[PDB]
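# Architecture and fold: a report
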Amino acid sequence: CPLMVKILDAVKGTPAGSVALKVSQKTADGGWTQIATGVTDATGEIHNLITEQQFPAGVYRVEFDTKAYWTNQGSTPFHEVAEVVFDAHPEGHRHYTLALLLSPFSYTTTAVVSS
Amino acid sequence: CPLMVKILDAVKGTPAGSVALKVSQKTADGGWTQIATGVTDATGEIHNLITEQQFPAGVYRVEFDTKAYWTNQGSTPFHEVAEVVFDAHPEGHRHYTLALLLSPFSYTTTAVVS
Amino acid sequence: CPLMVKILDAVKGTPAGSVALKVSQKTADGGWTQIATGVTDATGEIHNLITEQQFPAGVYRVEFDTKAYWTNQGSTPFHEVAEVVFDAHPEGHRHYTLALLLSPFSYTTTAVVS
Amino acid sequence: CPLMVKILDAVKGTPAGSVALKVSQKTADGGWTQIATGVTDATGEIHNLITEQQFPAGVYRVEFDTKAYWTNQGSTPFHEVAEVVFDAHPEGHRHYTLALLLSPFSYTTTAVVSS
Ligand SMILES: Cc1c(Cl)cccc1Nc1ncccc1C(=O)O
Ligand SMILES: Cc1c(Cl)cccc1Nc1ncccc1C(=O)O
């Protein structure tokens, strides 16, 4: 699997479980095609989110529904979502991990890309 | 002015100057209408980005052109753009500052709401 | 003034007021001498923390009492303290701002150096 | 093993390999006893850093030598070190992961604590 996530909760000090997300692929006219969805497990991950065949070179957007996560925790969130948008170059089985650290009014996102 | 930004560069330890951005408001059908553009000054800020009259409650997106920023700094970036999407509640002259801390492969974003 | 701070609270979206801190400079033998203390105001800042005369080059530590801050906010914290340790190069009236973004189990810290 | 680290490099998008660190335990008179040292592997980790017997309840400091890491990468760093100081409550095999995200002038650190 070429696309992984890892979400952490900076209030409780745990992975962020049960965060819904969507993966989309940019189209030529500037639109977006939804290619996968899921909800993180208790480790803040979604295993086998997409296949290599689903992940050709191009621009991808991963939208994480952080607002619902905070509402369920009892916190008042600032952001509607956290968006991560990047150009993927999957040749040679290059892998992408999108790391995300959540607080009610803030997030940090980084990427780990293999070679 | 109800919407401010403060952008810092985590590599060189300065504000991030000359970062282009676009502000959009979400429509009832789920699309986006662009309402303003700007470019940060050497303090990482943009003065008078929009007016209160342009800022009813609703969902807004600020799209920061971080890819161009990092290319111009000479460092290969990861993100195509940095988007900050938030629901505004301006009643009571509430003001919003979007703070943004940039690295080539990472950013942190937070808000200060008065 | 050559040393400033800016502390934000990532839970409530405000500056972090009433955060206590202590500034120390490292001695030649590797110990620490405390040179100043302060407490942030409601903007998350401390004005006139030290003077240029108190700020030769060297290694400095700022110790922020984040555990007390979070206990007072009513949220269990992880860290006992947040320490920022850096080598200062004041020649040329160079000024340092320590930016700090706090959550109960996490912090981000960066610097703006003029 | 009750104490793990995970260090990432926010410039290159990789784990931060070959970062030296030290683990110390606070003493009653306010001093520090060094209990372990190591250097991260290419995954940004140190496996089996300490044992459970080495990790009684108390205050611990993990000092990461980030300055040398950036000098080797060719960057000019701000911080001398990154310090993480916390009170450990290891009963019930509670585990601590210290996550650290590095840039030349900035770091983010969070903890993942099990239960
Ligand atoms: C403290 C900070 C961080 Cl941690 C990251 C990005 C900008 C900032 N700074 C600010 N954010 C909001 C308003 C003012 C500032 C400032 O630095 O003056
Ligand atoms: C270190 C870290 C930070 Cl600083 C923020 C969010 C997730 C992580 N953790 C990871 N990121 C990527 C891959 C693995 C991990 C992990 O913690 O196992």
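Procedures and definitions
Residues numbered from 1 in each chain as written, not as in the entry; some residues may be left out. Chains lettered and ligands numbered in written order. Heavy atoms only, no water. UniProt positions renumbered as here; feature names shortened; annotations may be inferred. Least-squares fit on C-alpha atoms. Contact = heavy atoms within 4.5 Å. Buried < 20%, exposed > 50% of the residue type's maximum accessible area, 1.4 Å probe, protein only. Helix = DSSP H or I, 4+ residues; strand = E, 2+ residues; numbered from the N terminus. Arc of directions from axis to C-beta. Polar contact = N/O pair within 3.5 Å; in protein donor to acceptor, adjacent residues only side chain to side chain.

Under the annotation held in the PDB entry, chain A carries the name Transthyretin and is attributed to Sparus aurata. Per the PDB header, the title for this entry is "Crystal Structure Of Sea Bream Transthyretin in complex with 2-(3-chloro-2-methylanilino)pyridine-3-carboxylic acid (Clonixin)". Within the UniProt record for chain A, the comment given under Subunit (unreviewed entry) is "Homotetramer." On record in UniProt, under Subcellular location (unreviewed entry), the comment for chain A is "Secreted".

In the nomenclature of the PDB entry, chain B corresponds to Transthyretin from the organism Sparus aurata. The annotation that UniProt attaches to chain B under Subunit (unreviewed entry) is "Homotetramer."

When chain B is fitted onto chain C, the two copies agree to an RMSD of 0.0 Å after a turn of 180 degrees and an axial shift of 0.0 Å. A rotation of that kind, with that shift, is consistent with a two-fold axis. Considering only C-alpha atoms, the part of chain B nearest the rotation axis is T108 of chain B, at 4.3 Å. Most of the interface of chain B is mirrored in chain C, where 100% of its interface residues are also at the interface.

What follows covers helix α1 (residues 66-73) of chain A. Residues and elements named next belong to chain A. Taken together, the buried positions of α1 are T66, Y69 and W70. Each buried residue of α1 sits inside an arc of 90 degrees when the element is viewed along its axis, so together they form one side. Opposite the buried face of α1, by more than 90 degrees, sit the exposed residues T71 and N72. Packed against the buried residues of α1 are β1 (3-9), β2 (14-15), β5 (58-64), β6 (79-88) and β7 (96-103). The N-terminus of α1 is capped by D65, whose side-chain oxygen sits 3.4 Å from the backbone nitrogen of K67. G74 sits one or two residues past α1 and shows a positive phi near 90 degrees.

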